[PDB]
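We did not get these values from a lab; they are worked out from the coordinates using the rules stated. Backbone-built Cβ (ideal geometry, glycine too); neighbour counts: all protein chains shown.
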Amino acid sequence: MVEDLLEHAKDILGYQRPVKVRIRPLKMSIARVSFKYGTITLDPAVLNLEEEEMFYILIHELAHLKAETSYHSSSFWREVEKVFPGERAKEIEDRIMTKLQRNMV
Ligand SMILES: [Zn+2]
């Protein structure tokens, strides 16, 4: 499930940290991290997305943690681009926004 996706994401990014995934209802987004505690919190709606969209969210959030930034910097996007090349991250973000009408951090 989500756990298996997360392991694949850590392997691709080369990020061996014991990041924990929590599912919690969120108001203002569908996903966010804790840098301090090494967690990714997902709104339950994420669990019903297509696999590539779920994987995007995990990669996006893991990229925040790895790049150690909340700002979507060039080094942030470099991590994302280990999976989603070129224009693909924005395409998948658009799909997720169409479906859920909510943003990830
Ligand atoms: Zn972000």
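If contacts are Cα pairs under 8 angstrom and at least 6 residues apart, what is the relative contact order of the chain in percent? Can you show the working numbers first?
Numbers: 125 pairs, mean separation 30.9, N = 105.
The normalised contact order for the chain reaches 29 percent.
Counting only chymotrypsin sites (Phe, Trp or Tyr not before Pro) that DSSP places in a loop and that have at most 16 other Cβ atoms within 10 Å, the longest clean stretch of the chain runs over 72-105.
For the chain, compute Rh as the Kirkwood radius over C-alpha pairs and then the Stokes-Einstein diffusion coefficient at 25 °C and 0.890 mPa s; write the answer in µm²/s, rounded to an integer. The Stokes-Einstein estimate is 181 µm²/s. Which of the trypsin sites (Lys or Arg not before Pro) across region 1-99 are loop residues per DSSP, with 10 or fewer other Cβ within 10 Å? Hits after loop and neighbour filter: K27, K36.
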